[PDB]
Every structure is written in C-alpha cells, then in structure tokens.
Novice: 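One structure, pasted below without further comment.
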Amino acid sequence: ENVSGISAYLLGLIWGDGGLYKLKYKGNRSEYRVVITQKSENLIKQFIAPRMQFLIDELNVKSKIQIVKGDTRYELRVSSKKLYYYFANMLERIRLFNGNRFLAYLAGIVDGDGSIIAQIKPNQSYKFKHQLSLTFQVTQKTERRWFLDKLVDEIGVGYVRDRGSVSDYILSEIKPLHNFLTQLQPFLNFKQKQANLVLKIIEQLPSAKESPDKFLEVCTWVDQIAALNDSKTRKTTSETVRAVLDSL
DNA sequence: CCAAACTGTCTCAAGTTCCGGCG
DNA sequence: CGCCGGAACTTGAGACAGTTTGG
Ligand SMILES: [Mg+2]
Ligand SMILES: [Mg+2]
Ligand SMILES: [Mg+2]
C-alpha cells in the first residue's frame with residue numbers, strides 16, 4: 001500500500017460515511033475537517049486510523065487524528081486545512097483514476113455505502129424450495145444517482161434502480177459478480193470477509209444444487225455473511241431451509 | 001428448475017453544524 | 001485564523017423480503 005491507494009480508498013470512505021467541512025465559528029474562528037463516521041470504534045482503530053496516520057505522515061500534515069464518540073456513531077476526524085483541500089481537489093481527479101487506484105477508491109465507497117448480500121429466497125419452483133441469491137450493491141441518495149450511473153459505466157455490468165429518496169447500483173449476475181469481487185476484495189477492509197464468503201458460495205453453487213446436505217452447508221455460509229452485516233430484518237436461514245427439506 | 005430482474009420494506013447508522021477552549 | 005473535544009441536530013443509508021420474468 002502506497003499513498004496513491006491509501007488516499008483513493010480514504011476519499012471513498014470519506015465520500016461514503018463521512019465528509020469534508022469548512023466551518024466558520026463565532027469570534028472570527030474557523031475549522032477544516034476530514035471526517036469518517038462509523039458505528040464501530042474498533043473498526044476505525046484497526047483499519048482506518050493506521051491508514052490515515054500513514055497518509056498524514058507522508059503528506060507532512062501536523063494535525064492529530066481524533067476519534068470522537070457521538071450519540072449514534074464514532075467519528076474519526078482530522079482538523080486540517082491542508083488535508084481538507086487535498087481531498088476536496090482529489091474529488092475532481094477521480095475520473096482519471098487508473099485501474100488499481102479506482103479499485104481502492106471503489107473499495108472505500110463500498111466499505112461505506114455498499115452492501116455485500118447473500119439471501120435464501122423461498123420459491124416453490126426450485127427443487128430445494130429456495131433460490132440462493134447473491135448481491136453487490138451501493139446505495140446513494142437519489143440526488144446522487146449520477147454517481148451510480150457512473151458505476152455502471154465504469155464497472156461494465158449491473159444497473160441502477162430508484163426506490164424513492166434513494167437509489168441503488170446492483171450487480172447479481174453470478175459470473176460478472178465473481179469476477180468483480182475477485183478484483184475488489186484485496187482492497188476491502190470492513191467487508192472483505194463477506195466478499196470472500198460470496199466468492200466461495202458462487203464457486204460451490206453448482207455442487208450445492210446436487211445434494212440437500214451440500215445445499216445446507218452453503219446456506220450456512222450465507223448465515224455467516226448476514227452475521228457479519230448489520231442484519232436486522234432477516235427471515236430465512238439455513239435452519240429454516242433444513243426444516244423444509246426434512247419435511248420433504 | 002433455475003438465473004436474473006423487478007418491486008417493496010425494516011431499522012437504523014450515518015452525515016452536518018454549533019459551542020467553548022487553545023496557540 | 002486554524003487546530004482540539006464535544007455533541008446536538010438532521011438525514012441517508014444498508015440489508016433484507018417478496019414476486020415475476022424468460023431461457
Ligand atoms: Mg453515504
Ligand atoms: Mg454511508
Ligand atoms: Mg456505512
């Protein structure tokens with residue numbers, strides 16, 4: 001990892017779960033912030049802080065990395081006019097990011113506003129009564145739909161769907177999905193495990209369809225992905241599938 | 001019977017801005 | 001004026017479920 005990749009990734013995370021703020025305070029004071037918010041403090045300390053510290057050192061930025069606790073999430077914050085303008089201008093050079101720098105950038109956007117999903121959908125039309133569904137998605141407020149459109153243009157596959165105030169970029173085609181995640185995975189931090197579990201499920205999907213036991217095993221891996229995600233409204237699990245197969 | 005698209009929803013985890021203090 | 005520490009304040013998310021299409 002170098003500044004080229006670290007900086008691209010961070011910009012992605014900043015855009016996704018943070019922001020760049022130029023503030024004006026009373027008493028003729030001011031502040032410039034580079035921020036990344038995240039519910040988990042450990043995740044920030046283990047993956048983000050080290051990378052930001054590295055970039056800060058290489059850029060000779062003297063400000064300190066602050067980790068502030070908020071009501072609903074933790075916040076990694078660097079109060080630096082220099083770092084602020086560095087990222088704000090890079091914002092305009094994204095369109096020129098080459099292969100690997102673009103992947104680091106994307107990984108940043110994914111660890112922030114992305115979701116790597118595995119689902120078991122009940123459908124009586126399938127032999128084992130369920131469809132094994134895999135999804136890569138990026139959600140963005142509808143005003144930034146142009147961004148999702150750009151993703152379709154850059155990645156090459158997938159599409160965009162609007163659902164009110166927000167929209168999503170979606171990729172579910174197994175082959176392209178496997179290829180895309182094989183490329184993005186090394187750059188991910190927060191969602192690297194779910195990325196690799198999705199890769200494993202795809203590689204075992206055909207075998208999963210040839211036997212009830214192998215199908216349940218693979219459903220086990222989807223349970224694991226859901227556990228790694230902020231799973232709150234999940235209904236069909238591997239055990240639900242087992243009960244159906246047993247009654248058959 | 002399956003891959004992939006289409007359509008809808010649940011419950012937050014993000015994002016944004018104001019305050020007093022420092023050098 | 002710009003660098004700390006905090007936290008109130010206001011949203012964009014994530015992560016599923018359910019249903020239908022077309023080879
Ligand atoms: Mg976001
Ligand atoms: Mg986000
Ligand atoms: Mg996030």
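Numbered from 1 within each chain, the chains take letters A, B, ... in sequence-line order.
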Novice: Restricting to pairs with a member in residues 204-229 of chain A, which pass ring pair (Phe, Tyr, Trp, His ring centres under 6.0 Å), not counting sequence neighbours?
Specialist: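 Only A:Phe128-A:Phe215 qualify under ring pair (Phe, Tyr, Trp, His ring centres under 6.0 Å).
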
Novice: Would you call the rings of A:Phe190 and A:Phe47 parallel, tilted or perpendicular, taking 30° and 60° as the class edges?
Specialist: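 Rings of A:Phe190 and A:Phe47: perpendicular, as their planes differ by over 60°.
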
Novice: Rounded to whole angstroms, how far apart are CD1 on A:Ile67 and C1' on C:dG6?
Specialist: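 Whole-Å distance recorded here is 14 Å.
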
Novice: Strictly by side chain to side chain donor-acceptor pair (under 3.5 Å), give each pair with a member in residues 34-46 of chain A just once, sequence neighbours left out.
Specialist: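 Every side chain to side chain donor-acceptor pair (under 3.5 Å) pair that includes a residue of residues 34-46 of chain A, provided the two are not neighbours, is A:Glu41-A:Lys45, A:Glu41-A:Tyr74, A:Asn42-A:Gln46.
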
Novice: So, do A:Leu20 and A:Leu91 sit near enough that their side-chain heavy atoms are less than 4.5 Å apart?
Specialist: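 A:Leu20 reaches A:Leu91 side chain to side chain.
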
Novice: Output all residues satisfying side-chain hydrogen bond (donor to acceptor under 3.5 Å, both in side chains) with A:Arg234, sequence neighbours left out; order by chain, then residue number.
Specialist: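 A:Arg234 satisfies side-chain hydrogen bond (donor to acceptor under 3.5 Å, both in side chains) with A:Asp223 only.
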
Novice: Counting only distance, no hydrogens or angles, is the base of B:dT7 paired donor-acceptor with the side chain of A:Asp162 under 3.5 Å?
Specialist: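 Side chain to base: no pair present.
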
Novice: Taking only residues two or more places apart in sequence, or in another chain, which ones meet A:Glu1 in a salt bridge (charged side-chain N to carboxylate O under 4.0 Å, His left out)?
Specialist: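 A:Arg51.
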
Novice: Return a single string for nucleotides 8-15 of chain C, one symbol per nucleotide in 5' to 3' order, where B is base contact, S is sugar-phosphate-only contact and - is none, cutoff 4.0 angstrom on heavy atoms.
Specialist: BB--SBBB

Novice: Whole angstroms only, please: what is the OH-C1' distance between A:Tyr159 and B:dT7?
Specialist: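 For the pair A:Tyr159 OH and B:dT7 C1', the rounded distance is 10 Å.
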
Novice: Less than 4.5 Å apart, any side-chain heavy atom of A:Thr240 and any of A:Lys235?
Specialist: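 No. Closest side-chain heavy atoms not under 4.5 Å.
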
Novice: Is A:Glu173 close to A:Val157 at the side-chain level, that is, under 4.5 Å between some pair of heavy atoms?
Specialist: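 The answer is yes, as the side chains (C-beta and beyond) meet within the 4.5 Å cut-off.
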
Novice: A:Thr220: what forms a side-chain hydrogen bond (donor to acceptor under 3.5 Å, both in side chains) with it, not counting sequence neighbours?
Specialist: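 Not a single residue meets the side-chain hydrogen bond (donor to acceptor under 3.5 Å, both in side chains) criterion with A:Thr220.
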
Novice: Given atom CG of A:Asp223 and atom P of C:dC16, what is their separation to the nearest angstrom?
Specialist: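 So the two atoms are 11 Å apart, to the nearest Å.
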
Novice: Would one find a side-chain N or O of A:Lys209 under 4.0 angstrom from OP1 or OP2 of B:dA3?
Specialist: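 For B:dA3, OP1/OP2 do have a side-chain N/O of A:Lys209 under 4.0 Å.
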
Novice: Test for a donor-acceptor pair under 3.5 Å between the base of C:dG18 and the side chain of A:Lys121, counting only N and O atoms.
Specialist: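 Between C:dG18 and A:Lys121, which were checked side chain against base, a qualifying N/O pair under 3.5 Å is present.
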
Novice: Taking the side chain as every heavy atom from C-beta outward, state whether A:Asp168 and A:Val160 have any pair of such atoms under 4.5 Å apart.
Specialist: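 Answer no - side chains too far apart.
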
Novice: Quick one: does A:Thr236's side chain get under 4.5 Å of A:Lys121's, heavy atoms only?
Specialist: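 When only atoms from C-beta onward are counted, A:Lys121 and A:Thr236 do not touch, as no gap falls below 4.5 Å.
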
Novice: Provide, to the nearest angstrom, the distance between the OH atom belonging to A:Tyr32 and the P atom belonging to B:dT17.
Specialist: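 Distance check: A:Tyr32 OH to B:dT17 P gives 16 Å.
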
Novice: Atom CG of A:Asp111 and atom P of B:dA14: how far apart are they, to the nearest Å?
Specialist: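 Rounded to whole Å, this separation is 11 Å.
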
Novice: Can you check the A:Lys235 NZ to B:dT11 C1' distance for me, whole Å?
Specialist: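 One finds 18 Å between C1' of B:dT11 and NZ of A:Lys235, rounded.
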
Novice: In whole angstrom, what separates A:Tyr85's OH from C:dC1's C1'?
Specialist: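 A:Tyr85 atom OH is separated from C:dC1 atom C1' by 12 Å.
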
Novice: Do any of residues 126-135 of chain A sit with a heavy atom less than 4.0 Å from DNA chain B, and if so which?
Specialist: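 Heavy-atom contacts with DNA chain B come from A:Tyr126, A:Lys127, A:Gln131.
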
Novice: Distance check needed: C:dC1 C1' versus A:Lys81 NZ, whole Å only.
Specialist: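 To the nearest whole Å, that distance equals 8 Å.
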
Novice: Please determine whether the number of non-hydrogen atoms from other residues, nucleotides or ligands lying under 6.0 Å from atom NZ of A:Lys214 exceeds 12.
Specialist: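 Atom NZ in A:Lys214 is packed in, count exceeds 12.
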
Novice: State, with a plain yes or no, whether a side-chain heavy atom of A:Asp57 is found less than 4.5 Å away from one of A:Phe54.
Specialist: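 A:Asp57 does not reach A:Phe54 side chain to side chain.
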
Novice: Would you list the atom pairs, donor with acceptor, under 3.5 Å between side chains in residues 92-109 of chain A and any protein atom, with sequence neighbours excluded?
Specialist:
| from | atom 1 | to | atom 2 | distance (Å) |
| --- | --- | --- | --- | --- |
| A:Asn98 | OD1 | A:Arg101 | N | 3.3 |
| A:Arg101 | NH1 | A:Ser4 | O | 3.3 |
| A:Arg101 | NH1 | A:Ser7 | OG | 3.0 |

Novice: Starting at the 5' end of nucleotides 18-23 of chain B, put B wherever the base has a protein heavy atom under 4.0 Å, S where only the sugar-phosphate does, and a dash everywhere else.
Specialist: BBBBB-

Novice: Would you indicate whether A:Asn28, at its atom CG, is surrounded by more than 12 heavy atoms from other residues, nucleotides or ligands within a distance under 6.0 Å?
Specialist: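 No, the 6.0 Å shell around CG holds no more than 12 heavy atoms from other groups.
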
Novice: According to ring pair (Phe, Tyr, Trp, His ring centres under 6.0 Å), does anything in residues 169-189 of chain A pair up with another residue at least two apart or in another chain? List the pairs.
Specialist: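 For residues 169-189 of chain A: A:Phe136-A:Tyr169, A:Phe136-A:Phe180.
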
Novice: Is there side-chain contact between A:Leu10 and A:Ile48, with at least one heavy-atom pair below 4.5 Å?
Specialist: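 When only atoms from C-beta onward are counted, A:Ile48 and A:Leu10 do touch, with a gap below 4.5 Å.
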
Novice: Could you check which of B:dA3, C:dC4, B:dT17 has an atom nearest any side-chain atom of A:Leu205?
Specialist: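 Side chain of A:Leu205 sits closest to B:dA3.
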
Novice: Does anything in residues 171-186 of chain A come within less than 4.0 Å of DNA chain B? Heavy atoms only, and list the residues if so.
Specialist: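 Per residue number, the list reads A:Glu173, A:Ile174.
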
Novice: Check DNA chain C against residues 35-53 of chain A and give the residues with a non-hydrogen atom under 4.0 Å, in numerical order.
Specialist: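 Of all residues in residues 35-53 of chain A, none places a heavy atom under 4.0 Å from DNA chain C.
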
